[PDB]
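**Q** The structure under discussion is supplied below as structure tokens; questions concerning it will follow.
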Amino acid sequence: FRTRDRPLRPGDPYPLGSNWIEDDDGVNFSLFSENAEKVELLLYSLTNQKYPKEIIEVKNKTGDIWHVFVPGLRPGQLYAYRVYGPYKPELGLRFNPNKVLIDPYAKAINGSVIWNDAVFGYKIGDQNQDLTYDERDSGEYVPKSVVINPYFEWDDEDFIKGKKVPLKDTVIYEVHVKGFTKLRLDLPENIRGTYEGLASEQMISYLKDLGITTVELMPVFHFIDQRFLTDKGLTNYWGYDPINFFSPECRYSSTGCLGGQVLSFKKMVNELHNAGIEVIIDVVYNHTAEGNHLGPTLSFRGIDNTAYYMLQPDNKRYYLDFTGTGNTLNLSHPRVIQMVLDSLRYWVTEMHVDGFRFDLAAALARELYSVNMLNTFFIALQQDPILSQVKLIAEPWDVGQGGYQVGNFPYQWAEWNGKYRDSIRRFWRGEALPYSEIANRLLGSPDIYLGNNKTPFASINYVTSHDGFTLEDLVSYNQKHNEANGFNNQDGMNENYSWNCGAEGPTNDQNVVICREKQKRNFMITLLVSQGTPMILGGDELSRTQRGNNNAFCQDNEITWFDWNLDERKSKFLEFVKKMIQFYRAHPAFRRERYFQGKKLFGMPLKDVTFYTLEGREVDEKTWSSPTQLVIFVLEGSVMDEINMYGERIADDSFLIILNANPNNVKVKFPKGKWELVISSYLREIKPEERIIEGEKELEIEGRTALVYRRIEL
Amino acid sequence: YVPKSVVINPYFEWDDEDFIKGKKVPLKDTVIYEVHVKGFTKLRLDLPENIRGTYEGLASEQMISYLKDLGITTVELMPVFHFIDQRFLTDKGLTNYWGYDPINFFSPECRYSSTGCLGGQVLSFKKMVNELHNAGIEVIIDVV
């Protein structure tokens, strides 16, 4: 028989990908290819996945989209594609139907890659490398896509689609799905380090106790372990290397990789929303795990290489790399643009995601070679009805030339404030930066984001992230220790703006431990007292340590697992971060929607913020540009231009904050009021000269100490 | 010595089963597949026992996928009307395997059920049909 003797329907080229049509009993397959000449649908049995149990040729094509509707099939059916066409790598055409490809619209993938020189489309050994054409079948080594059933019952989950957590009052908590619960011997295994483990009653209660509002999850897009990681006994722990944009990772799931990864994800989000916790997901759209040339041929390169990938225009054999990871997705092609926003819309309307943190966000604005934030993809995202409502967070740079684009992302976009990261670490490190540099950071960095009409909550303040040290390692090391990575300690940035407190590594010396505990609390008070929306690094409340590894993308082991066993030193830091989060959330003078001016307002005798120096005298224009290790400012809570959504003014307590990074002691004369101690970084018992201050008193402030005060009388 | 009749609860929740009550399989394009409920799955060591040769065994994911792979459209089931083993078969160590010998016209056979003969035979039958219709398979029953 031929392809015409098994019953078929022409199908439709609408909803790209496999779509279970319950009413007609069958499945509709759709796949874009501008350049394919023949497209063949492969169907596998669950048992036999080395050869296809049936080969169907996609003969119908409406426009640049191939499609066929195969009767009898149900959800759960395994499938993959073969794309026939021209092979001219020096021109960009790398079509090899011997290599089995993965549906870019597959919403569930069964397993991952079995590395073998057959999944490459070019002779691995040959001297002419990626110009050659290896004819080995790779079907038995590449995972297959699953037709999923999209249906799901969201128990009173649609009511949180109303009054959400506004970014004004948000506290971000960056988590790795696996590390959150792998060493949670509390839970059973089989859910440890899984989606279900994250949404268990034990973790949900913990997250409300900690007090964070929303969770930001490291890449959950179904990703592949790199071969140069496999050939060193290593894994992709972070997962910033995906090949599919619609499948939740099968490695994070704990119910089944045959569609159970999308079920256990939806059930996970449903559990969090029933606890009033928003969900943001780290998302890679700038590059794909297929690498540059010499990389594998597992999907896009096979389906249509000159559409999906940015290729060097004069050769078109090599790949433009603005991510440092081999390739860069070509976001200038209409269907590539359609893919990303289809995926962005998919995770919102179907997986009920509340926001996205874009990895290397600038690389998405690359048109040929230059970054212009007025590209097609950003505009369409801005105008879209549903994507206009969820939060959009950017890593405001890529590793290209001219890629540093902080403050140039459109409004509605928030940005990771790297300038806040670096200068705050240097301030407490000991360096003396201008009074105007750190004071700007503390008031939401208006110098950055005001020029493009943005707000203080648009600035994402953070002192540590998954890139670089953790907070414990930040006060415990001065140099990288990525020796365990297997790259001869050449990977991961060298300047971390780090300081050890008096060692490098673990220590017994009792001054080194304390300088840190004081330094850890010094960072914590700074972050949650500055204007903007703060991001906590996951595990930092637990004083998590990566053994001095500032680049633990490859370590899926005890280095990156969360250590839940707490001693007395760790337990009391947890209560500190708890009470500091509880503080920041209780006081609107730090959850501000508009910036502080330097003025009295509403006809009041105090100006909304005042800056002092060692003596209670106001900061001048020449003190404001001189360097400093001590910065003093008074937030007048009752004279803020802060108005809620109902037209009411807000106002808060009046606060005075002392940040003295000078290693030596300094004496400070207070302003005119009677001030009360609310929190400080002192580990020692707070003696009563310091608890209440009256009438322009002077007070000894030990070196490297942060203090918060509240005026009780004027 | 004679079995007793059970007052049953007729209620049953047919999950999206009422939509196949529309575009069905017209006889023009039908392919009939005559099955014995027991013989279909008794030696199906794939499935657990306790459902081998039962209604539930017939509607299991293993058999449903097999019937779509074979390609038949509707299933024709040998007599499922609750029947009695003839005495001249009993007095030779034998049974009524086909079952073309019933005494009740409303009870699904208790010998084919695998959940309970106290009303479980009518539940496990409705659940069996519901599973087939969710797979686009029509059901015809041999009736005496």
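Each protein sequence line maps, in turn, to chains B and B'. A prime marks a further copy of an entry chain.
Counting from 1, position 91 in the first sequence corresponds to residue 95 in the entry's author numbering; the numbering is continuous, with no gaps.
Counting from 1, position 122 in the second sequence corresponds to residue 266 in the entry's author numbering; the numbering is continuous, with no gaps.
Here a beta-carbon is modelled for each residue, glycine too, at the ideal position from N, C-alpha and C.
Using a Cβ distance threshold of 8 Å, determine whether the stretch 231–247 of chain B contacts the stretch 273–292 of chain B, with at least three qualifying pairs required.
**A** Contact holds: three or more Cβ-Cβ distances are below 8 Å.
**Q** For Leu302 of chain B, does the three-state DSSP call read helix, strand or coil?
**A** If you number the first sequence from 1, residue 302 of chain B lands on position 298. Three-state result, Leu302 of chain B: coil.
**Q** Is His71 of chain B helix, strand or coil by DSSP?
**A** In the first sequence, the residue the question calls residue 71 of chain B occupies position 67. Reduced to three states, the DSSP call for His71 of chain B is strand.
**Q** What do you get for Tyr415 of chain B, buried or exposed, if any count of 16 or more other CB atoms within 10 angstroms of its CB means buried?
**A** Stepping through the first sequence from its first residue, residue 415 of chain B is reached at position 411. So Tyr415 of chain B counts as exposed.
**Q** I think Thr217 of chain B touches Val169 of chain B, with their Cβ atoms under 8 Å apart; what is that distance to the nearest whole Å?
**A** As a position in the first sequence, residue 217 of chain B is number 213, starting the count at 1. As a position in the first sequence, residue 169 of chain B is number 165, starting the count at 1. Between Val169 of chain B and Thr217 of chain B the Cβ distance is about 5 Å, and since that is below 8 Å, they are a contact.
**Q** Does the distance from the C-beta atom of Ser463 of chain B to that of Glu441 of chain B stay below 7 Å?
**A** Position 459 of the first sequence, counting from 1, holds the residue named residue 463 of chain B. Position 437 of the first sequence, counting from 1, holds the residue named residue 441 of chain B. No; because the gap between Cβ atoms is not below 7 Å, this pair is not in contact.
**Q** Determine whether the beta carbon atoms of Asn553 of chain B and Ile563 of chain B lie at a separation below 7 Å.
**A** If you number the first sequence from 1, residue 553 of chain B lands on position 549. If you number the first sequence from 1, residue 563 of chain B lands on position 559. Yes; because the gap between Cβ atoms is below 7 Å, this pair is in contact.
**Q** Determine the extent of the alpha helix (DSSP H) in which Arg445 of chain B is found, giving its start and end residues.
**A** Mapped onto the first sequence, residue 445 of chain B falls at position 441. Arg445 of chain B -> alpha helix (DSSP H) spans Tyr439 to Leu446.
**Q** On a Cα-Cα basis, can you pick out the residue from B':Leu267, B':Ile164 and B':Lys165 that is closest to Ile152 of chain B'?
**A** Indexing the second sequence from 1 puts residue 152 of chain B' at position 8. Residue B':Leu267 is the option with its Cα nearest to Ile152 of chain B'.
**Q** Taking the alpha carbon of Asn482 of chain B as the reference point, which residue from B:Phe491, B:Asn489, B:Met497 and B:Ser469 has its own alpha carbon closest?
**A** Counting from one through the first sequence, the residue named residue 482 of chain B turns up at place 478. Measuring from the Cα of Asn482 of chain B, the nearest candidate turns out to be B:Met497.
**Q** Nearest to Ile281 of chain B by CA position, among B:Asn504, B:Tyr177, B:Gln131 and B:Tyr713, is which residue?
**A** Looking up residue 281 of chain B in the first sequence gives position 277. The residue with the shortest Cα to Cα distance from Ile281 of chain B is B:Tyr177.
**Q** Of the choices B:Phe156, B:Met644 and B:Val62, whose alpha-carbon is the least far from that of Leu46 of chain B?
**A** As a position in the first sequence, residue 46 of chain B is number 42, starting the count at 1. The shortest Cα separation from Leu46 of chain B among B:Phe156, B:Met644 and B:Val62 belongs to B:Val62.
**Q** Using a Cβ-Cβ cut-off of 7 Å, state whether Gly76 of chain B counts as contacting chain B'.
**A** By one-based count along the first sequence, residue 76 of chain B stands at place 72. Cβ-Cβ to chain B' under 7 Å: yes for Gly76 of chain B.
**Q** Would a check of beta-carbon distances place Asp29 of chain B closer than 7 Å to chain B'?
**A** Within the first sequence, the letter at position 25 stands for residue 29 of chain B. So, interface residue.
**Q** Quick check: what's the CA-CA separation for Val175 of chain B' versus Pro252 of chain B'?
**A** Position 31 of the second sequence holds residue 175 of chain B'. Position 108 of the second sequence holds residue 252 of chain B'. Their Cα atoms are separated by approximately 25 Å.
**Q** Going straight from the alpha carbon of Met584 of chain B to that of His470 of chain B, what length do you get?
**A** By one-based count along the first sequence, residue 584 of chain B stands at place 580. By one-based count along the first sequence, residue 470 of chain B stands at place 466. Taking the straight line from one Cα to the other gives about 22 Å.
**Q** Round the Cβ separation of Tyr18 of chain B and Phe250 of chain B to the nearest angstrom and send it over; I've been treating them as touching at under 8 Å.
**A** The count along the first sequence starts at 1 and reaches residue 18 of chain B at position 14. The count along the first sequence starts at 1 and reaches residue 250 of chain B at position 246. Going by Cβ atoms, the distance from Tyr18 of chain B to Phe250 of chain B rounds to 16 Å, so no, they are not a contact pair.
**Q** For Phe227 of chain B and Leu191 of chain B', I'd like the C-alpha separation in whole angstroms.
**A** Residue numbering aside, residue 227 of chain B sits at position 223 when the first sequence is read from its first letter. Residue numbering aside, residue 191 of chain B' sits at position 47 when the second sequence is read from its first letter. Each residue's Cα considered, the two are about 35 Å apart.
**Q** Name the two residues that bound the continuous alpha helix (DSSP H) containing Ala203 of chain B.
**A** The count along the first sequence starts at 1 and reaches residue 203 of chain B at position 199. Element bounds for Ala203 of chain B: n/a, residue is neither H nor E.
**Q** Measuring only between beta-carbons, confirm whether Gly183 of chain B' sits less than 7 Å from chain B.
**A** In the second sequence, counting from the first residue as 1, residue 183 of chain B' sits at position 39. For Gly183 of chain B', the answer is no, since every Cβ of chain B falls outside 7 Å of its Cβ.
**Q** Residues of chain B with CB closer than 7 Å to the CB of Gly280 of chain B', please, in chain order.
**A** By one-based count along the second sequence, residue 280 of chain B' stands at place 136. Within 7 Å Cβ-Cβ: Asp29.
**Q** Classify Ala590 of chain B as buried or exposed, calling it buried when 16 or more other Cβ atoms lie within 10 Å of its own Cβ.
**A** Looking up residue 590 of chain B in the first sequence gives position 586. It is exposed - the Cβ of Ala590 of chain B has fewer than 16 other Cβ atoms within 10 Å.
**Q** To the nearest angstrom, report how far apart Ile208 of chain B and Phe156 of chain B' are at their CA atoms.
**A** Within the first sequence, numbered from 1, the residue matching residue 208 of chain B stands at position 204. Within the second sequence, numbered from 1, the residue matching residue 156 of chain B' stands at position 12. Distance between the alpha carbons of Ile208 of chain B and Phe156 of chain B': 37 Å.
**Q** Please state if the CB of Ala366 of chain B and the CB of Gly407 of chain B are separated by a distance shorter than 7 Å.
**A** Walking along the first sequence from the start, residue 407 of chain B turns up at place 403. Walking along the first sequence from the start, residue 366 of chain B turns up at place 362. Result yes, Cβ atoms of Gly407 of chain B and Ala366 of chain B sit closer than 7 Å.
**Q** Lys172 of chain B' versus chain B: which residues are under 7 Å apart at the beta carbon?
**A** Here residue 172 of chain B' refers to the residue found at position 28 when the second sequence is read from its first residue. Near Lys172 of chain B' there are no residues of chain B at all, since even the closest Cβ is about 14 Å away, more than 7 Å.
**Q** Quick one: which chain B residues come within Cβ less than 8 Å of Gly215 of chain B'?
**A** The sequence position of residue 215 of chain B' within the second sequence is 71, counting from 1. Going along chain B in sequence order, the residues near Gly215 of chain B' (Cβ under 8 Å) are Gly76.
**Q** Using DSSP with H/G/I as helix, E/B as strand and the rest coil, what is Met649 of chain B?
**A** What you label residue 649 of chain B is simply residue 645 of the first sequence in a count that begins at 1. Note: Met649 of chain B maps to coil in three-state DSSP.
**Q** Would you kindly work out how many angstroms separate the C-alpha atoms of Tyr322 of chain B and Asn278 of chain B, rounded to a whole number?
**A** Translated into the one-based positions of the first sequence, residue 322 of chain B becomes position 318. Translated into the one-based positions of the first sequence, residue 278 of chain B becomes position 274. Taking the straight line joining both Cα atoms gives about 49 Å.
**Q** Counting only runs that start and end within the stretch 478–550 of chain B, where is the beta strand (DSSP E) found for 3 or more residues in a row?
**A** The qualifying runs are 537–541.
**Q** Which residues in chain B have a C-beta closer than 7 Å to the C-beta of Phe163 of chain B'? List them in chain order.
**A** As a first step, residue 163 of chain B' must be located in the second sequence, where it is residue number 19. The answer, in chain order, is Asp27.
**Q** Compute the Euclidean distance between the alpha carbons of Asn23 of chain B and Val31 of chain B, then round it to the nearest angstrom.
**A** Within the first sequence, the letter at position 19 stands for residue 23 of chain B. Within the first sequence, the letter at position 27 stands for residue 31 of chain B. Approximately 6 Å, taken between the alpha carbons.
**Q** To the nearest angstrom, how far is it from the Cα of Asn274 of chain B' to the Cα of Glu161 of chain B'?
**A** Your numbering for residue 274 of chain B' matches position 130 in the second sequence. Your numbering for residue 161 of chain B' matches position 17 in the second sequence. Cα-Cα distance, rounded: 6 Å.
**Q** State the DSSP-derived secondary structure class of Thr217 of chain B', mapped to helix, strand or coil.
**A** The residue labelled residue 217 of chain B' in the question sits at position 73 within the second sequence. It is coil, neither helix nor strand.
**Q** Evaluate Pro11 of chain B with the Cβ neighbour count: other Cβ atoms within 10 Å of its Cβ, from every protein chain shown; 16 or more gives buried, anything less gives exposed.
**A** What you label residue 11 of chain B is simply residue 7 of the first sequence in a count that begins at 1. Exposed is the call here.
**Q** Could you check whether the Cβ of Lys212 of chain B' sits closer than 7 Å to any Cβ belonging to chain B?
**A** Here residue 212 of chain B' refers to the residue found at position 68 when the second sequence is read from its first residue. Interface residue, yes.
**Q** With contact counted as at least three CB pairs below 8 Å, one residue from each stretch, are the stretch 669–686 of chain B and the stretch 699–717 of chain B in contact?
**A** With a cut-off of 8 Å, the stretch 699–717 of chain B and the stretch 669–686 of chain B count as touching, because enough Cβ pairs lie within range.
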